[PDB]
Amino acid sequence: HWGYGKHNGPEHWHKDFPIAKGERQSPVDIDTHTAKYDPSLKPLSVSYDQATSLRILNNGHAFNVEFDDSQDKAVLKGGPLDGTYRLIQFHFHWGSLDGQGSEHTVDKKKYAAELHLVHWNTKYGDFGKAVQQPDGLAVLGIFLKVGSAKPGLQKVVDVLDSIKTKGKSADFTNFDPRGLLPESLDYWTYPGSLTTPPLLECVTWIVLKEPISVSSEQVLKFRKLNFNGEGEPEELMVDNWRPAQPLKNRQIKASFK
Ligand SMILES: Oc1ccc(O)cc1
Ligand SMILES: [Zn+2]
């Protein structure tokens, strides 16, 4: 199936998913000088106090921390968003080397990794019907740079040994995603897509300007995971990022002056 190698990576995905060459694909380069402050944006509200994590899973493309989204518990609202979006999962994209790994770039700068907190619009009832809508999803994207350890990441790093290969999962209750957020919620926003197949164009992206710092040791542990399943030849899970796609007829709006 699709992946990130020479033979099945991003430059191939359009064959099975022609929306790969669509009009509002993600990620994009954020040209900070061209992004315009939008005084029409309402304050962003990240409300993660009642978040209920359940499980961590290696899906062969990344690992996902999954949440109970059967009720309004961890939600995103405000900023560009109309109504309430429920957190369903987070995951990361990262590099084989510290100089690459993010999907969005900032004035062509690649960070070492990028976190995506995926939310769906509760007007649509569940995630599967939300991905049939042009405003079905909101993804909060957060850059990681290598520097000081992030203490609120270490519970994720420590469980990775238990989900090394594709299809492995573990319990992952009581994890507080507030520990992954930077101090500032200044952001850029634009309409885009899932960055993995099926590449659906449902996503309001909200990309925070402030990166979080993680340690070299933390990111090295991400790079020990495997794309393959248990008892298949080992292929390190690295460079699981899609490069920037054409901006087309879109404008990137800033939340800050
Ligand atoms: O459900 C989603 C998964 C990945 C994305 O990049 C966006 C939404
Ligand atoms: Zn992602």
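One-based numbering along the sequence shown. Every number for a ligand or one of its atoms is a count from 1 in the order of the listing.
Of the N and O atoms on the side chains of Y124 and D135, at least one donor lies less than 3.5 Å from an acceptor on the other residue. With no hydrogens or angles considered, no side-chain donor-acceptor pair links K77 and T84 at under 3.5 Å. Looking at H93 and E114, their side chains never bring a donor and an acceptor atom within 3.5 Å of each other.
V65 has its side chain out of reach of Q89: every pair of non-hydrogen atoms, C-beta onward, lies at least 4.5 Å apart.
Between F90 and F67, the angle of the ring planes lies from 30° to 60°, which puts this pair in the tilted group. Under the 30°/60° scheme for interplanar angles, the aromatic rings of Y4 and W13 are found to stand perpendicular.
If you check which protein heavy atom lies closest to atom 7 (C) of ligand 1, you get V139 CG2, 3.5 Å. Here the heavy atom of the protein found nearest to atom 6 (O) of ligand 1 is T195 N, 3.1 Å. Nearest protein heavy-atom contact of atom 5 (C) of ligand 1 is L194 CA, 3.6 Å.
By the criterion of a heavy-atom distance under 4.0 Å, the side chain of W205, and not its backbone, is placed next to ligand 1.
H116 contributes ND1 as its N, O or S atom closest to the Zn ion (ligand 2).
At the Zn ion (ligand 2), the vertex angle linking NE2 of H93 with NE2 of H91 is 110° (nearest 10 degrees).
Ligand-side atoms of ligand 1 in range of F127: 1 (O), range being under 4.0 angstrom from any heavy atom. Of all atoms in ligand 1, listed by their number and element, those nearer than 4.0 Å to a heavy atom of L137 are 1 (O), 8 (C).
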